[PDB]
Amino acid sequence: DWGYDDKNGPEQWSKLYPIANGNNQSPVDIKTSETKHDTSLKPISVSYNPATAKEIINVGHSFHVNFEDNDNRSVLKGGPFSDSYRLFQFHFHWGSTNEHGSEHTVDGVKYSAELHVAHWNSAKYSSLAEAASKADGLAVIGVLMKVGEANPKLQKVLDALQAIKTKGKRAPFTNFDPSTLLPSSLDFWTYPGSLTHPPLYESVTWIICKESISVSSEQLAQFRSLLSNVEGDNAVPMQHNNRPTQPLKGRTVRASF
């Protein structure tokens, strides 16, 4: 029912999901002149076990790489959190051209793509389904992806896409530690926000990395060559899946640096 095209896209999500016009919507434009350094923010701690990697899924608007989330083998701690957050997925957002494709922007600058590494609060809640609609339920690391040199750390992910070309296809995706995709510096911004597509729950604590990672023009093309249609139908490439930035509405973006 929802998507990224003209009739079902971001500027229309509010008809089915009124929280779209809420006070804690994501993504945002990070204005570095308006951020507040917070001395209480601890370094980000990620410890992921590659044996938790499970499956890669074509979800029609994007692709998801899911992780086993039955225990604390793969966790996020530190930064603004007192609780341990359990890794459950990573995915990307991209745009129709290299000029845009990130969700977050920094001082108005649009990057070519963005990596999301998503976690849920296993200290307070017993499942992702319980966590997902709670204010303290989710934590997502965002990494801005700057077009330039090919990023070899994306190879396993890109190589997998040929097995999940059309909507609904899934394949095993094992023995992968997504902390390998993160930049060298985990200096970050944090703010309270939302999922960036339906159901748009205001349940996400965002961790946005200061440092970008690279991606090539041709790697982005591989994302855009995934198909949003089911097998046998007319091919409809996944040209874009980035939401525009949303108003801060009085929220503070904190910097660790």
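Heads up: residue numbers just count along the shown sequence, starting at 1.
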The stretch whose C-alpha atoms carry the larger average B-factor in the entry, 95 to 103 or 131 to 139, is 95 to 103
Name the higher of the two by mean Cα B-factor in the PDB entry, 40 to 48 versus 219 to 227. 40 to 48
Could you tell me which one of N66, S214, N58, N70 shows the highest CA temperature factor in the PDB record? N70
From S33, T190, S62, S194, residue of greatest CA B-factor: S33
Cα B factor band for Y111 (lowest, middle or highest third within the chain): lowest
What third of its chain, lowest, middle or highest, does the C-alpha temperature factor of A160 fall into? middle
How does the C-alpha B factor of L182 compare with the rest of the chain: lowest, middle or highest third? lowest
Quick tally, chain-level thirds of C-alpha B-factors: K169 sits in the middle
Cα B factor band for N241 (lowest, middle or highest third within the chain): lowest
